Amino acid sequence: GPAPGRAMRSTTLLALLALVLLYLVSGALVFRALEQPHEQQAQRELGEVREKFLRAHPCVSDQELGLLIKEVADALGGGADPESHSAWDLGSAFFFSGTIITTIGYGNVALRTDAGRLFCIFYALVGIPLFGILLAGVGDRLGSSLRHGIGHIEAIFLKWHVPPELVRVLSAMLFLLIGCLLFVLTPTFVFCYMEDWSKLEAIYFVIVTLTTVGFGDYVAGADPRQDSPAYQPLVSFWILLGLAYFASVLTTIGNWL
Amino acid sequence: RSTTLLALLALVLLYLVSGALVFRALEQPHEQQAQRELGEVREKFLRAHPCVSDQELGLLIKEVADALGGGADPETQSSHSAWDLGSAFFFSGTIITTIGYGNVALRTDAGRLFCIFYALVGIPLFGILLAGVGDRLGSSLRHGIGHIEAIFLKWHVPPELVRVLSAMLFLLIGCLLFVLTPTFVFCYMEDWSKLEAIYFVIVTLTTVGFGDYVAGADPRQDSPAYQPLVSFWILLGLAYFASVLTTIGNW
Ligand SMILES: [K+]
Ligand SMILES: [K+]
Ligand SMILES: [K+]
Ligand SMILES: [K+]
Ligand SMILES: [K+]
Ligand SMILES: [K+]
């Protein structure tokens, strides 16, 4: 009814369209000044690296070095450690499978085979939607489990003569802030040391992860090697519950709108 | 229902295992193969030049690793900006669509902090327009078929089956304009293989966005339309492929 109806009005879209278009333009102008100074430090920057090895070592020709770069190119282009770290063992392959259905897709360990790409194609067409079924399912019992809990302490708020305005003015904020505590503030200060990131990196990782954006610029566990069996299912378990609570909030306020 | 959930949970969990098993078989050879062959080139170049120590080589192989990771082209030796307004505009399209290629990673803390607030706002905001377009796109499209549909209902074809016929044609002309045509273009303009043009589109459409393949990211192809017009298709491609998923949930 309202979902197509509010969009059925052509003026609502085209105004929102130009809004989004210029919302993208504004973000591009900001993103430019924030990052343009420091990105392409590789294309021409390696050019000085070659000479600083042609100068540093007269014993090596440029063509010998040119082949060396081309040799290590196909080496790095398939899996090479600049120094066990197998990125396709069942542990990490399970992680890679999860990034597909969650639509996170870090791509930090991309597919090489034309057989693996085809397998992933059908794996995504079927795997992704049925994952959302379970995620929306968990959110049903998860949201109810909080409200069971939300209700118990709610009794105390109303008794202390804070008006029926309490809801809807309070029980929404405390409901989200406890989730903001458990699935954002708690993991960040954990990940701030568990991966030894800075303050913003832990927060930046969580958001891009939970928003299913998944740049792949930040997993850093393995930062060098996965190391511990703690993180492996638990973080995916955190992502799962992170998405579930994320789903609960977007759905509940969907009703309130 | 807790009965369907916990049962589906084991179904989903094993679906990941079954996927991880086959993924291992199709990738563990190729990745670990190069890991062994890298040690060869380390030896092979330590042989050719005893003048160069391994530590001085260890720095270099990491420098070229830092370079190649940055997308440094090993082809010739020595402008096409990445954070130019045209591609930075496309970069914003990666977050709000939750595609997030990550091919051009961020670096500045100010850029990441601004991206934090920009992502939280833009993503549900985009979904409103996307679904909004998908409603109007589906409506304007459904408006067009009716002309042809009126002719089809004369050949004594049962209206019960006329229902099913259009349902096929709905997705067929839909994928034709948003799967076949994009892949045939990507297989041509990017000269990717058939399994790379399809692979790019699908991973992009489902917003998985591995970033390994990105159309228009190729610095050379300077056809004036290609850079943002693909993203224009991405919008319509997202809206259509998502609107079907809603009707999929119904049927
Ligand atoms: K996504
Ligand atoms: K990515
Ligand atoms: K990379
Ligand atoms: K989505
Ligand atoms: K993604
Ligand atoms: K991604």
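Residues numbered from 1 in each chain as written, not as in the entry; some residues may be left out. Chains lettered and ligands numbered in written order. Heavy atoms only, no water. Residues with missing side-chain atoms left out of burial classes, pairs and counts.

Judging from the entry metadata, X-ray crystallography is the method by which this structure was determined, and 3.400 Å is the reported resolution.

Q: What is the right way to look at the UniProt feature "binding site: K(+) 3" in chain A in this model?
A: In this structure's numbering, the residues bearing the UniProt feature "binding site: K(+) 3" are A:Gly105, A:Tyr106, A:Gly214 and A:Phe215. What stands out for the annotated residues spanning 111 residues is how close their C-alpha atoms remain, the widest pair being 7.6 Å apart. Tracing the sequence through the fold places A:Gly105 in the loop between α5 (90–101) and α6 (114–159). Those residues in contact with A:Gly105, other than ones at most four positions away along the chain, are A:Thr99, A:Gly214, B:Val208, B:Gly209 and B:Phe210. Within the element layout of this structure, A:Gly214 appears in the loop between α8 (199–210) and α9 (231–256). Residue class for A:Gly214 comes out buried when judged on its relative accessible area of 0%. (UniProt positions renumbered as here; feature names shortened; annotations may be inferred. Helix = DSSP H or I, 4+ residues; strand = E, 2+ residues; numbered from the N terminus. Contact = heavy atoms within 4.5 Å. Buried < 20%, exposed > 50% of the residue type's maximum accessible area, 1.4 Å probe, protein only.)

Q: Explain the UniProt feature "binding site: K(+) 4" in chain A to me, please; I cannot follow it from the model alone.
A: Here the UniProt feature "binding site: K(+) 4" sits at A:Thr103 and A:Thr212. Separation in sequence by 110 residues is not matched in space for these annotated residues, since their most distant C-alpha atoms are only 5.7 Å apart. Along the chain, A:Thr103 falls in the loop between α5 and α6. With relative accessibility at 12%, the residue A:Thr103 sits in the buried group. Beyond its immediate sequence surroundings of up to four residues, A:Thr103 is in contact with A:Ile128, A:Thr212, B:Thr98, B:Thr206, B:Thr207 and B:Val208. On the secondary structure map, A:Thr212 appears in the loop between α8 and α9. Apart from the residues within four sequence positions on either side, A:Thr212 is in contact with A:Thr102, A:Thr103, A:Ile104, A:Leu243, B:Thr98 and B:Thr207.

Q: I'm lost on the UniProt feature "binding site: K(+) 2" in chain B in this one. Help?
A: As recorded in UniProt, the feature "binding site: K(+) 2" lies at B:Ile99, B:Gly100, B:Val208 and B:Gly209. In contact with B:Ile99, other than residues within four places in its own chain, are A:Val213, B:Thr94, B:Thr204, B:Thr207, B:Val208, B:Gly209 and B:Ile234. B:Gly100 gets classed as buried once you look at its relative accessible area, which sits at 0%. Apart from residues no more than four positions distant in its own chain, B:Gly100 is found in contact with A:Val213, A:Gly214, A:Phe215, B:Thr94 and B:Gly209.

Q: Would you explain the state of the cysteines in this entry?
A: What makes a disulfide is a covalent bond joining the sulfur atoms belonging to two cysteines. For the structure on display, the rule yields one disulfide over all chains. Disulfide pairing places A:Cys59 opposite B:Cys51 at an S-S distance of 2.0 Å. Residues A:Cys59 and B:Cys51 are joined by a disulfide whose S-S torsion is about 100 degrees; by sign, that bridge is right-handed. Note that A:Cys59 is positioned in the loop between α3 (45–54) and α4 (62–76) and B:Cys51 in the loop between α2 (28–48) and α3 (54–69), a pairing that runs across two chains. Take A:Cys192: it sits in no disulfide, and the sulfur closest to it among the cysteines is that of A:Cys180, at 16 Å. Assessed through its relative accessible area of 23%, A:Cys192 is described here as partly exposed. (Disulfide = S-S within 2.5 Å.)

Q: I keep staring at the UniProt feature "binding site: K(+) 3" in chain B and nothing clicks. Help me out?
A: Per the UniProt record, "binding site: K(+) 3" is annotated on B:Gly100, B:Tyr101, B:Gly209 and B:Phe210. Within the secondary structure, B:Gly100 is located in the loop between α4 (85–96) and α5 (109–152). Within the secondary structure layout, B:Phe210 lies in the loop between α7 (194–205) and α8 (226–250). Every residue in contact with B:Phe210, bar those within four places of it in the chain, is listed here: A:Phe96, A:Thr99, A:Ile100, A:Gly105, A:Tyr106, A:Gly107, A:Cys120, B:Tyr101, B:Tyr199 and B:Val203.

Q: Sorry if this is basic, but what is going on with the interface of chain A and chain B here?
A: Many descriptions give the size of an interface as the accessible area lost when the pieces come together. Counting from both sides, the interface comprises 110 residues of chain A and, opposite them, 105 residues of chain B. Where the side of chain A that touches chain B is concerned, the elements lending two or more residues are α1 (2–8), α2 (10–35), α3, α4, α5, α6 and α8 of chain A. The element that contributes the greatest number of residues to the side of chain A that touches chain B is α6(A), accounting for 20 residues. Grouping the constituent residues of the side of chain A that touches chain B by class yields 66 nonpolar, 26 polar and 18 charged. (Nonpolar A, V, L, I, M, F, W, Y, C, P; charged D, E, K, R; others polar.)

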